[PDB]
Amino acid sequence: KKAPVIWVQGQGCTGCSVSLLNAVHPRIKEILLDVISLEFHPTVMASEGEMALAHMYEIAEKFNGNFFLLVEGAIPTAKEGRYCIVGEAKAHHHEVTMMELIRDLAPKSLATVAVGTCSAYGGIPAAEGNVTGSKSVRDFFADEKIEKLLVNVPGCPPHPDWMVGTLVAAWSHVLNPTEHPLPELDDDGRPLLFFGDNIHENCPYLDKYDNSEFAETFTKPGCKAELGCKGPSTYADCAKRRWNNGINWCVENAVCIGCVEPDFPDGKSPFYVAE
């Protein structure tokens, strides 16, 4: 049986979705045809407008309590949620704000999975200078008094293995709970499976670091600490997993910017200034 998924986008850049399209364990064709039943996703679905929204609401009721609500992007609460209009319901008028959609759907979901640092912690849309009242899913849940299992799979964007891995583990648990456990989460609600490791501790440049050998420039040898690397205060398994099918990763190429952390970007800024 395939895991039903309703994927909604608020204040997102579609980067989390594109990162998922790059998956290799398994590849995207297998994910869509064998693993999940992607019922609603604005970027790739065949239907549009009223037909798309009606199908989503149809699935939310028929699969009430049995679909994963995936959230990409932050939730803006200022100006009555008007900074993010996700749709227009057929029943004469009725523009639906992201606030309304999440308030409606989240209680009917099996669990809400906030993919990306935006939905999980607020991220860039919620950074200093915004005037949209941008909120993370967890902060919105608290404000709304929503009592629902919420798994945070951060990263800007999250590596596809983290997203797919978290969802497969969660679905196996739904199918046979006494035999398949839910991913163990840290205090920020993210899977220890992928976010338990410290980048710096697992970094290949660690010996250079310990011997005070720092690259004075992006193109000079040595640890990237002086270039602004935030690996010391960042927890993700990037140093072992790497990116884009093991082709390269942020630290080898430049510096880690701490994209998976709740305080990204403000707490990791300036990006090119050493921690």
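All residue numbers refer to positions in the sequence shown, first residue = 1.
Unmodelled deposited residues flanked by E88 on one side and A89 on the other | Unmodelled stretch: 1 to 3 residues, a short break.
request  = Compare the mean C-alpha B-factor of 92-100 with that of 153-161 as given in the PDB entry, and name the stretch with the higher value.
outcome  = Mean CA B-factor is higher for 92-100.
query: Mean CA B-factor: is it higher for 210-218 or for 26-34?
result: That would be 210-218.
| request: Could you check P125, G129, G116, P183 and tell me which one carries the biggest Cα B-factor in the deposited entry? | output: Comparing C-alpha B-factors across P125, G129, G116, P183, the top value belongs to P183.
Which third of the chain holds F195 when residues are ordered by C-alpha B factor: lowest, middle or highest?
-> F195: CA B-factor falls in the highest third of its chain.
#### Entry: Record-listed C-alpha B factor of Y205: chain third
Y205: CA B-factor falls in the highest third of its chain.
Split into thirds by Cα B-factor across the chain's modelled residues, where does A225 land: lowest, middle or highest? Answer is middle: the recorded C-alpha B-factor places it there.
*asked:* Could you place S233 in the lowest, middle or highest third of its chain by Cα temperature factor, using the values in the record?
replied: For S233, the deposited C-alpha B-factor lands in the highest third.
- Message: For the chain shown, is the CA B-factor of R241 in the lowest, middle or highest third of its modelled residues?
- Response: It belongs to the middle third of the chain when residues are ordered by C-alpha B-factor.
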